[PDB]
Amino acid sequence: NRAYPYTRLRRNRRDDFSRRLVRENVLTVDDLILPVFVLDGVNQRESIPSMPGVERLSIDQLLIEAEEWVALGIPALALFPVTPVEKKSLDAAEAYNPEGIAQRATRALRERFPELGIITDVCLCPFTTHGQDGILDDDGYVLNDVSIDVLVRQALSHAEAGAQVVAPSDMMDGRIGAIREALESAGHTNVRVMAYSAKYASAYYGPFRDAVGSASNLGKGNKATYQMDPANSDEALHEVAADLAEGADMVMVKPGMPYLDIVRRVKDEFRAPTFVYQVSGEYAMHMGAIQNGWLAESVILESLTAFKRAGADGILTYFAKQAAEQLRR
Amino acid sequence: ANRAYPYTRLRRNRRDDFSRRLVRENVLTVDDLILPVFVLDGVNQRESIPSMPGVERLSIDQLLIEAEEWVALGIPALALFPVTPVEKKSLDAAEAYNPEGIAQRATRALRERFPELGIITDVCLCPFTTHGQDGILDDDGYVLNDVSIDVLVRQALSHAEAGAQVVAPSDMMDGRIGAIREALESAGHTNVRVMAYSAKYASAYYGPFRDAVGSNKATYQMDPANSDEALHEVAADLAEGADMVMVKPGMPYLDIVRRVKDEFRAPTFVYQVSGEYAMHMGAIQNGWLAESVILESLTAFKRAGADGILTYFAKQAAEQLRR
Amino acid sequence: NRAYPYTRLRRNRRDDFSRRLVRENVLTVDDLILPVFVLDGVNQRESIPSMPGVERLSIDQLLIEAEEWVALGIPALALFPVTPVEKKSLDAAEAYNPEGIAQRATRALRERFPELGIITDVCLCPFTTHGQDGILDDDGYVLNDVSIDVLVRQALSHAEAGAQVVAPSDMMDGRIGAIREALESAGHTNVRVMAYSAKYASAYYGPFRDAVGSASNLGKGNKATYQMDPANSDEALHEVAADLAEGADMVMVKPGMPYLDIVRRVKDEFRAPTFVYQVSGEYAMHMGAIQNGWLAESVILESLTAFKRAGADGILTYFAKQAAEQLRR
Amino acid sequence: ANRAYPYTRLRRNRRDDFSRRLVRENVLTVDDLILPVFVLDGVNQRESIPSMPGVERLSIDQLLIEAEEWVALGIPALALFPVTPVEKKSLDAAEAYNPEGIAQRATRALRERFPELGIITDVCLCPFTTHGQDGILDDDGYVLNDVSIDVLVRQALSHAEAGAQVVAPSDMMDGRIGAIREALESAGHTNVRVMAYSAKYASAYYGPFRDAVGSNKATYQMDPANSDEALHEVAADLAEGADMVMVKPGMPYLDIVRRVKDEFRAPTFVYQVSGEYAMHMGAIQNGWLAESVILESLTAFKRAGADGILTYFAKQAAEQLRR
Amino acid sequence: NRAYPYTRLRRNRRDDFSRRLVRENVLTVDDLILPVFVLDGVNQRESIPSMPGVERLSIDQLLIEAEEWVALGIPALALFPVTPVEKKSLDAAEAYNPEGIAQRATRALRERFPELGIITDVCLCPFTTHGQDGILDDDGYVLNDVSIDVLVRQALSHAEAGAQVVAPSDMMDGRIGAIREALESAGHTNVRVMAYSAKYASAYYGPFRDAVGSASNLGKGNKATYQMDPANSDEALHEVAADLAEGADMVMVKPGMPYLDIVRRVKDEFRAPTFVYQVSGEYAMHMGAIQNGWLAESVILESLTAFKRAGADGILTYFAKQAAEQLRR
Amino acid sequence: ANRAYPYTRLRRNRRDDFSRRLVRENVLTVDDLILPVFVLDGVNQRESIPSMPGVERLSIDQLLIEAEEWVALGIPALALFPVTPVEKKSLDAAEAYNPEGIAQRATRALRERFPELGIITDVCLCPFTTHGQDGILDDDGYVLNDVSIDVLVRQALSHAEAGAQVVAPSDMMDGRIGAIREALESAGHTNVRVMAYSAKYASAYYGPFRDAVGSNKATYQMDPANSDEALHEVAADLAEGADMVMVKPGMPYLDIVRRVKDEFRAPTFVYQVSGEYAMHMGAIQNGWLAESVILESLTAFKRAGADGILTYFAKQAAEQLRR
Ligand SMILES: [K+]
Ligand SMILES: [K+]
Ligand SMILES: [K+]
Ligand SMILES: [K+]
Ligand SMILES: [K+]
Ligand SMILES: [K+]
Ligand SMILES: [Mg+2]
Ligand SMILES: [Mg+2]
Ligand SMILES: [Mg+2]
Ligand SMILES: [Mg+2]
Ligand SMILES: [Mg+2]
Ligand SMILES: [Mg+2]
Ligand SMILES: [Mg+2]
Ligand SMILES: [Mg+2]
Ligand SMILES: [Mg+2]
Ligand SMILES: [Zn+2]
Ligand SMILES: [Zn+2]
Ligand SMILES: [Zn+2]
Ligand SMILES: [Zn+2]
Ligand SMILES: [Zn+2]
Ligand SMILES: [Zn+2]
């Protein structure tokens, strides 16, 4: 029965102190995960034109930059390997190569910064000649269960490299359970599985496909037989329920700001650790506008606060370092 | 319901276009689209807006030309924003209720020429104040609530008199929806709808609009951190007589859309603001994102529970939907 | 606290534009599934007096008519074979004959129109001399588990013919799970199962039994030991929960408009892909009245909009072509 | 969601600090903290309080000195409690609305010297009555509801006149929130917040506060047994116009905090009272518990759903948070 | 629509009789469980300075004191053994010694007071040289499944001694199910399992670690890799759901008053028998203040009533005897 | 929570008395009990009631004697029902508001002699009308709603004047709770509680009460078939100002108790009526049921969610609870 003018919702807005007292959500560095593009070789740094301010880094250069990310208190990195073209194959075998970029990077980081979380990507897209997330059948369809067998080997390779978290981004049915079963049978009892549970067939990924180098491979291909239809919301709840049942320790929605309603429903429905990925296209859009002088740089912390408000526990964001820097002040 | 792999494989419905179509939960249609327009003072004039690539400010005659195409595409309504000449701004904002102000003129012209097209006028003082704030300022520089409302009510009445089917208070004063509703009923404007901007945030995403209309607000616009508060905003506005309620900005607040729809089951609108437009269009023009993101962003609003979307993409989208 | 005259619910009704903006549901062609009665032979077309405007078609004639249904954007057909009397048996073996009408029709359509969805009917009613949905015991009771064995063979035959969806309409307990288990073990991983979950023992089916030719066989028989009591609503939720658990990809209520409350409860409770069948008797009633001049032809789109409003994702309707034609304008 | 060991091992997230940090559901920040202060009548005076180790009563000048450190640490607000000289107590409690009473003086001094610091004044008669009860007594010794409210309204207005941004009625009279709100609106104090002590229990945990301010209540304060009743208290106070609602005591009533937050989704505060403070500080000083319990107790309030916490630990906590 | 002055919530508060009629919760002796620290040897009584008024008792002295606890109607005791330093080991074997303090005490009490409930503690902390709750790996981490094997042997030893309830306080994943499986396979069909489901990594346990003598062993060690983060609430619901599924007969939150919100959520969500432990630090805080004259002795019954109000069925409290004495008046 | 045999055996908690006690969800205490009394007009008089074995009508002096034992047993309150002499009945029911009527006399006597004992008076015209209906009849023999309320308000005021702490309108007129509340507030009886008989059914279980007090109602009392309707009854009575709400009869309506408690979370009472009493006591006296059914029936009310129970078994139960 709250009614004007007895209730004037502006009164708590009148002064900073009161806005602060009633403020419902804050972003902190504990919320931030920095995705990073990792090159083969030594002394390599490459600018990504469709992600201004983000560079692909060789492992030695990654280790250097990580000193500052650690000093800033960023909890974890999410690694994405930029696989050399010649190491792409129909069988995606590079995915489980102990000498692959992801596995070498993991080992290096785990030794140099033992408290830093490493989240590896479980997916065949960086490894396939066609750029799809799994292995194709003779009709060009991404086979579910055959792909899982490769994903499982990948995941085990990561666990062997020391990754504390593996994050299946492939959208095969059942892969969370298969990976978990494998990790448990192998003794990797504490390796976390951060499921990409509600990952949509989105247009917002374009820049990442450029950054990881799968854009050329995929071409005009689409992922609608596995990634989710943008139109669907209830379906996301079913996706997440399965992944929880299958043993996921964290569940993720991707992309991010275009899907904040999904973040809210998922958090509300399951009350489980919920993550969101602020994808390459989101980062690019924001950067492009800030660089043009169309949006103030305050939009970065507004965008990230939105995720907290919607119910995410953690955010994968290419803004993680700038945000951590702003928070540190 | 104990759904478990492999008895349940959620990919099966995704296998084919036909089954994707059958199960698709939401669709965007032209019926969902409302186009905001920036309206100039002369004749035979258009102006480009540096921070909104592709959007033109339009004099009324130009508006009427373009509206023929908008109506033909089935866009149901426009939301008008006047670009007030500097010389007509004042501390009292009286131009807001001038019967020959741009908004009022534009409205009468449109109502006569396209009687089926909905016209949503903006009730707010920000295009009219020397200072660009949304209400009348006190000596400390604070936006005065109830004094501002008196101006707003006069504005809204002038819009009604001009023929506006919908007035949309975007000012975020407390209690303004009720005051406006009371004045419209008392004047006999029994069917003029009020589209409340109920949960309007103190956002950085509005920068380009200020460039567009030619016009610090944390004492009235909402803290981006706050979600529960939006439900209290909305509840008051429904009780006060709003016919529709709106969340602004849009994409950055899709969670609020969903909560608002779910809690009240009332006609719910969302504003895809100038900065959302600009970042999308900038990225598409830079070749960084595909054109397809336009419809993906609009489908998100529908999925989140919006009934209608105020969007600078309305004509592009309507075109895409007609193909 | 909404109260007159502050709140006048007529204001949004005042003008078309505002009614359009606030309109809660729309029907689109993406919602439509056309059931079709399929004859043996060549060059055969037969009018059904109790379903005015609907014809039984031989496969060649079906293929011709399907060009227009495809051009209209109708997503799928649901096939119902008109089995020759001489091919009815106690064992219902025709149900799994690779040369049966349903299996031949499926193969023909899958080749001619590869994007068109084909939903086959899994049920023994077109195949039994007695017109019941399963195999009878020596007391005249429809045996549950023995019937499932035949249903399973049927379903596999359909999958082998290329059907993208099989739709068990039999109301045996457990058949969704048994069919799913069979499809999975045989490698038909992506064959959808559209369960008739809440199918009631209704009087509204009379015309269909005429159209498929099971009316004579069933006679005065009833299906109350398997189809649901019209009086029961909570029971429908239990029926649907089982079918979801058993692996259904879609769940259906039948009949349709007489059961819209069930559609609403099912959608609300499970948030799963929900379908509704506007049965023969519903079509006949409406057609009869329109032909008499008692109801305007606008009732067709009103009837279909009701299903959307009640929460159905898709509608099996003999009006699918007229509706698609009206929508296309 | 059918989570089952060993597919689900809830220890995995606990394995490492980084994953503990990622999933941690609540954090305390300085923004959550409100420091209650006991304010004396002279100059250059502090007094120690036997039952609140480490808390000093402060004359206004001393308050202003300490407030520089409080503001520097980012504490958003103070809640003032005057220590009335015995000679100013009376049966009518008139000192409550004296414009040169301690609270009023302290407020004007603070508002001038630290304009951004929030000042929460106490609306209650207990520091002012010869008898120490929270309202005016009838011949049977019963606290009179509506008579007491009239005094309270005059008090609240005097605080508003002194510049208080928030008045916090702690009296537990029925209907006082509405009466105060009505009087503030009618006087033009449109933005003075009211922080209702909505669910305030008849508790043994207040003993040390009475020692601190220098001041049997089961006919107005709530029965500790009752939970549902708290929701009815809160609902009335929201309807009456409260901007914030409070549960007191705190830790012993964390269930009430949670229910109150969950039911109303409104700005919810909690008072970690003098006895909670004393038992913690006594135990820490006795070496029986680690200092870490301070932040653990404060994190509990956040977890339970409180937006802000009135706590004598606010400065210690703010210090810990700044390291 | 309740509004002043039609509704004045003070009216039921006006008189004792009406406060009594509407009083929502009462504490009774049926709610009380007394934890007790048990020494080896004969004729031993030891005061605990950080728990004023509580003594560690040898078994003969326990039996004497139990006469009064039984006369007061206290339903159950929770036993905590003060293990001799020399009987601590890396393998925690003393935990399952049939001649251990807990097992001897159980047997003695079960014979002397057959109606008195005995709740034994299942945990390795009193038995390990390092004071952690399980067995450590070579990185110093408490191994989950190896620890469960020892916990299981412990639990079986208690059941063999006659304990009616075993209470696992160890916070290993899955231990409820493993213990239950063991009890059932051994024929201990009616031995209750009182799970410590939501046991937090708290500072409030200090005095107990002194009383049981594990303080020296643990040193500065922490239990954050198994006990719950104080910040987390939703996580508690997941913890309890697992333990119910695994067969717990009662579920517990620990500590107590600092976690009353958890008690409320757990009771509300599961409607199962819910217990709360008013830990050593809570008892000490209260006692310290009462002894200083800072709080009246009425705080004891206020503190206990809080637990009832929050939804607990039973309370483990070192105040159980004083409270029972006050209630008996 | 996937509890399944044999991991879950619900018998384990049942194995032993101690664990049965630990998990027992509800307990009856003396605090739950309210004893209804039938009060006669002379002196040194008691009468037995044929259809209520063991219950006596008591003159006031006898009431006072017995009340010493009731108070000693801790019974919190009595509910008085006067046995009006035939000569004082009338079509206007004026005896209802006679200051020297039985109820009023009994109340003053009790309030003086046992000031802590709660006195609940009956507001209803049925003991006062020549015809025994609960209100004033029109020419068609219909119980007039608003006319009856005027009498009821005068009655209630007379009870307040006599010292009653609680008035309990049992008449089932629409809107009477509000009318009574308004009149009590307007007269200054600010703390007189109103215990609404909110969901009072047109039941066959009342037969023996009519024998007891010496006093067709389907146009005002509720249809036993109806459950949802009870929630609407209760909601109105809370909004109207009831302090407590009651369901009558009791056992035959335990579902209503539970729904009422669950929906409103307000102080909820239940009447174990004369016919419930009689069938139990008759069966116990016939040797067909054990005495234990008394406490089992009372525990049911607590389990169903009642805060207090009006019961002719209150003294027996209190005695059993004291052993
Ligand atoms: K977080
Ligand atoms: K719409
Ligand atoms: K659809
Ligand atoms: K806060
Ligand atoms: K209990
Ligand atoms: K009670
Ligand atoms: Mg999935
Ligand atoms: Mg021109
Ligand atoms: Mg508002
Ligand atoms: Mg079924
Ligand atoms: Mg000085
Ligand atoms: Mg109150
Ligand atoms: Mg656990
Ligand atoms: Mg005598
Ligand atoms: Mg009524
Ligand atoms: Zn991938
Ligand atoms: Zn504006
Ligand atoms: Zn059939
Ligand atoms: Zn006070
Ligand atoms: Zn332990
Ligand atoms: Zn009566």
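Per Swiss-Prot, chain D residues shown: 6-220, 228-335, in order.
According to its header, this structure was worked out by X-ray crystallography, 1.7 Å.
Using N, Cα and C of the backbone, Cβ positions are placed for all residues, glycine too.
Going by Swiss-Prot, these are the annotated features:
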type: ACT_SITE; residues: D:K205; note: active site, schiff-base intermediate with substrate
type: BINDING; residues: D:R215, D:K229; note: 5-aminolevulinate 1 binding site
type: BINDING; residues: D:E245; note: Mg(2+) binding site
type: ACT_SITE; residues: D:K260; note: active site, schiff-base intermediate with substrate
type: BINDING; residues: D:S286, D:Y324; note: 5-aminolevulinate 2 binding site
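In terms of Cα spacing, the recorded positions D:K205, D:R215, D:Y324 that come within 10 Å of D:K260 (active site, schiff-base intermediate with substrate) are D:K205. Of the listed recorded positions D:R215, D:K260, the Cβ environment within 10 Å is emptiest of other Cβ atoms at D:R215.
Local packing around the recorded positions D:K205, D:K229 was summarised as the count of other Cβ atoms within 10 Å of each Cβ; on this measure the leading residue is D:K205. For the binding-site residues D:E245, D:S286, D:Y324, a Cα to Cα distance of within 10 angstroms from D:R215 (5-aminolevulinate 1 binding site) holds for D:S286. Closest to D:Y324 (5-aminolevulinate 2 binding site) by Cα-Cα distance, out of the recorded positions D:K205, D:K229, D:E245, is D:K205. Cβ neighbour counts within 10 Å, taken over all protein chains shown, single out D:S286 as the most crowded of the binding-site residues D:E245, D:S286, D:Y324.
Checked against D:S286 (5-aminolevulinate 2 binding site), the recorded positions D:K205, D:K229, D:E245 differ in C-alpha distance, with D:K205 being the nearest. D:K229 (5-aminolevulinate 1 binding site) is 16 Å away from the residue listed as 'Mg(2+) binding site' when you measure Cα to Cα. Reduced to three states, the DSSP call for D:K229 (5-aminolevulinate 1 binding site) is coil. Checking the recorded positions D:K229, D:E245, D:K260 against chain E with a Cβ-Cβ cut-off of under 8 Å leaves D:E245. Each residue contributes its Cα atom, and for D:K205 (active site, schiff-base intermediate with substrate) and D:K229 (5-aminolevulinate 1 binding site) these two points are 11 Å apart. According to DSSP, D:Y324 (5-aminolevulinate 2 binding site) is assigned to coil rather than to any helix or strand.
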